[PDB]
$ cat work.pdb   # PDB, C-alpha atoms
ATOM      1  CA  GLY A   1     -14.484   4.552  16.468  1.00  0.00           C
ATOM      2  CA  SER A   2     -11.852   5.824  14.047  1.00  0.00           C
ATOM      3  CA  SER A   3     -10.905   9.363  13.021  1.00  0.00           C
ATOM      4  CA  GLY A   4      -9.042  10.064   9.794  1.00  0.00           C
ATOM      5  CA  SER A   5     -10.155   8.756   6.408  1.00  0.00           C
ATOM      6  CA  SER A   6      -8.422   9.229   3.056  1.00  0.00           C
ATOM      7  CA  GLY A   7      -9.125   8.033  -0.471  1.00  0.00           C
ATOM      8  CA  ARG A   8      -5.518   7.759  -1.622  1.00  0.00           C
ATOM      9  CA  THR A   9      -4.441   4.981  -3.987  1.00  0.00           C
ATOM     10  CA  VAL A  10      -1.095   3.411  -4.883  1.00  0.00           C
ATOM     11  CA  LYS A  11       0.048   0.910  -7.511  1.00  0.00           C
ATOM     12  CA  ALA A  12       2.730  -1.736  -6.997  1.00  0.00           C
ATOM     13  CA  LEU A  13       5.735  -1.138  -9.251  1.00  0.00           C
ATOM     14  CA  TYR A  14       7.094  -4.584  -8.388  1.00  0.00           C
ATOM     15  CA  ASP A  15       5.926  -7.980  -7.137  1.00  0.00           C
ATOM     16  CA  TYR A  16       6.011  -8.443  -3.363  1.00  0.00           C
ATOM     17  CA  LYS A  17       5.104 -11.052  -0.748  1.00  0.00           C
ATOM     18  CA  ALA A  18       4.217 -10.723   2.937  1.00  0.00           C
ATOM     19  CA  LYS A  19       6.852 -12.557   4.975  1.00  0.00           C
ATOM     20  CA  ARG A  20       5.671 -11.378   8.393  1.00  0.00           C
ATOM     21  CA  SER A  21       2.611 -11.137  10.641  1.00  0.00           C
ATOM     22  CA  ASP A  22       2.324  -7.464   9.698  1.00  0.00           C
ATOM     23  CA  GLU A  23       2.559  -7.118   5.919  1.00  0.00           C
ATOM     24  CA  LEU A  24       0.486  -6.886   2.737  1.00  0.00           C
ATOM     25  CA  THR A  25       0.595  -9.171  -0.303  1.00  0.00           C
ATOM     26  CA  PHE A  26       0.385  -7.916  -3.887  1.00  0.00           C
ATOM     27  CA  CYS A  27       1.889  -8.264  -7.364  1.00  0.00           C
ATOM     28  CA  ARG A  28       3.366  -5.777  -9.833  1.00  0.00           C
ATOM     29  CA  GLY A  29       0.458  -3.622 -10.965  1.00  0.00           C
ATOM     30  CA  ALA A  30      -1.829  -4.202  -7.992  1.00  0.00           C
ATOM     31  CA  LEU A  31      -3.504  -1.227  -6.315  1.00  0.00           C
ATOM     32  CA  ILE A  32      -4.174  -0.270  -2.697  1.00  0.00           C
ATOM     33  CA  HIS A  33      -6.925   2.117  -1.598  1.00  0.00           C
ATOM     34  CA  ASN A  34      -7.141   4.122   1.628  1.00  0.00           C
ATOM     35  CA  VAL A  35      -3.415   4.868   1.807  1.00  0.00           C
ATOM     36  CA  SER A  36      -2.412   6.655   5.012  1.00  0.00           C
ATOM     37  CA  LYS A  37       0.934   8.271   4.198  1.00  0.00           C
ATOM     38  CA  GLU A  38       2.583   7.728   7.582  1.00  0.00           C
ATOM     39  CA  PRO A  39       5.370  10.036   8.830  1.00  0.00           C
ATOM     40  CA  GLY A  40       7.686   7.082   9.370  1.00  0.00           C
ATOM     41  CA  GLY A  41       7.780   4.624   6.494  1.00  0.00           C
ATOM     42  CA  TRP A  42       5.259   1.799   6.214  1.00  0.00           C
ATOM     43  CA  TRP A  43       1.802   2.943   5.117  1.00  0.00           C
ATOM     44  CA  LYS A  44      -1.713   1.716   5.897  1.00  0.00           C
ATOM     45  CA  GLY A  45      -4.000   0.446   3.151  1.00  0.00           C
ATOM     46  CA  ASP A  46      -6.357  -2.303   2.012  1.00  0.00           C
ATOM     47  CA  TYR A  47      -5.911  -4.986  -0.646  1.00  0.00           C
ATOM     48  CA  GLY A  48      -8.278  -7.860  -1.365  1.00  0.00           C
ATOM     49  CA  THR A  49      -8.510 -10.306   1.528  1.00  0.00           C
ATOM     50  CA  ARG A  50      -6.029  -7.990   3.243  1.00  0.00           C
ATOM     51  CA  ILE A  51      -7.107  -4.797   5.004  1.00  0.00           C
ATOM     52  CA  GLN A  52      -5.233  -1.907   6.617  1.00  0.00           C
ATOM     53  CA  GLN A  53      -2.019  -3.924   6.360  1.00  0.00           C
ATOM     54  CA  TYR A  54       1.443  -2.350   6.418  1.00  0.00           C
ATOM     55  CA  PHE A  55       3.317  -2.346   3.109  1.00  0.00           C
ATOM     56  CA  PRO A  56       6.573  -1.057   1.566  1.00  0.00           C
ATOM     57  CA  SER A  57       6.046   2.365  -0.008  1.00  0.00           C
ATOM     58  CA  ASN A  58       9.167   1.735  -2.090  1.00  0.00           C
ATOM     59  CA  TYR A  59       7.257  -0.994  -3.923  1.00  0.00           C
ATOM     60  CA  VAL A  60       4.305   1.248  -4.774  1.00  0.00           C
ATOM     61  CA  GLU A  61       3.627   4.607  -6.424  1.00  0.00           C
ATOM     62  CA  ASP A  62       0.856   7.152  -5.875  1.00  0.00           C
ATOM     63  CA  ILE A  63      -1.662   7.133  -8.725  1.00  0.00           C
ATOM     64  CA  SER A  64      -4.453   9.169  -7.135  1.00  0.00           C
ATOM     65  CA  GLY A  65      -4.480  12.828  -8.131  1.00  0.00           C
ATOM     66  CA  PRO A  66      -5.045  15.322 -10.968  1.00  0.00           C
ATOM     67  CA  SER A  67      -3.269  14.293 -14.170  1.00  0.00           C
ATOM     68  CA  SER A  68      -4.580  16.951 -16.552  1.00  0.00           C
ATOM     69  CA  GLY A  69      -6.889  19.240 -14.601  1.00  0.00           C
TER      70      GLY A  69
END
$ encode --input "work.pdb" --output "structure tokens"
Amino acid sequence: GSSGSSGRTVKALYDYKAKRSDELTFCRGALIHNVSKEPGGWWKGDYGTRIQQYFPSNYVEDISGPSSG
């Protein structure tokens, strides 16, 4: 049971490494789907072996959305 699903995506603008029990691992360029823009700071997304793991929004940029439309 889970309410609230989004298809947002973000790309890592810099290499990062999870140094805690609650963190996501990715390199510059990577992409994370299902981004839940939280009101606080850390967001929720999935990445490879990792799933719905907190990650620094300052190390990623939103890529999902209309570019030309």
$ resolve_selection --input "work.pdb" --expression "the PyMOL selection byres ((chain A and resi 13-26) around 8)" --output "compact mmCIF listing (two decimals) with C-alpha atoms, in the frame of the given file"
# COMPACT_ATOMS: atom_id res chain seq x y z
CA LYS A 11 0.05 0.91 -7.51
CA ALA A 12 2.73 -1.74 -7.00
CA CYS A 27 1.89 -8.26 -7.36
CA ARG A 28 3.37 -5.78 -9.83
CA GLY A 29 0.46 -3.62 -10.96
CA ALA A 30 -1.83 -4.20 -7.99
CA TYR A 47 -5.91 -4.99 -0.65
CA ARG A 50 -6.03 -7.99 3.24
CA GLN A 53 -2.02 -3.92 6.36
CA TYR A 54 1.44 -2.35 6.42
CA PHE A 55 3.32 -2.35 3.11
CA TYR A 59 7.26 -0.99 -3.92
CA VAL A 60 4.30 1.25 -4.77
CA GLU A 61 3.63 4.61 -6.42
$ atom_distance --input "work.pdb" --atom1 "atom CA of residue 68 of chain A" --atom2 "atom CA of residue 5 of chain A"
25.0 Å
$ atom_distance --input "work.pdb" --atom1 "atom CA of residue 49 of chain A" --atom2 "atom CA of residue 34 of chain A"
14.5 Å
$ atom_distance --input "work.pdb" --atom1 "atom CA of residue 38 of chain A" --atom2 "atom CA of residue 57 of chain A"
9.9 Å
$ residues_near_point --input "work.pdb" --point "(10.0, 4.6, 1.0)" --cutoff "7 Å" --atoms "only C-alpha atoms" --output "PyMOL selection string"
chain A and resi 41+56-58
$ write_last_selection --input "work.pdb" --atoms "C-alpha atoms" --output "PDB file, keeping the file's coordinate frame"
ATOM      1  CA  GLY A  41       7.780   4.624   6.494  1.00  0.00           C
ATOM      2  CA  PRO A  56       6.573  -1.057   1.566  1.00  0.00           C
ATOM      3  CA  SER A  57       6.046   2.365  -0.008  1.00  0.00           C
ATOM      4  CA  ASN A  58       9.167   1.735  -2.090  1.00  0.00           C
TER       5      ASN A  58
END
$ closest_residue --input "work.pdb" --among "A:33, A:44, A:10, A:39" --to "residue 62 of chain A" --atoms "only C-alpha atoms"
A:10
$ resolve_selection --input "work.pdb" --expression "the PyMOL selection byres ((chain A and resi 8) around 6)" --output "VMD selection string"
chain A and resid 6 to 7 9 33 to 35 64
$ axis_aligned_box --input "work.pdb" --around "segment 12-16 of chain A" --padding-each-side "8 Å" --output "JSON"
{"center_x": 4.9, "center_y": -4.8, "center_z": -6.3, "size_x": 20.4, "size_y": 23.3, "size_z": 21.9}
$ closest_residue --input "work.pdb" --among "A:69, A:3, A:37, A:32" --to "residue 51 of chain A" --atoms "only C-alpha atoms"
A:32
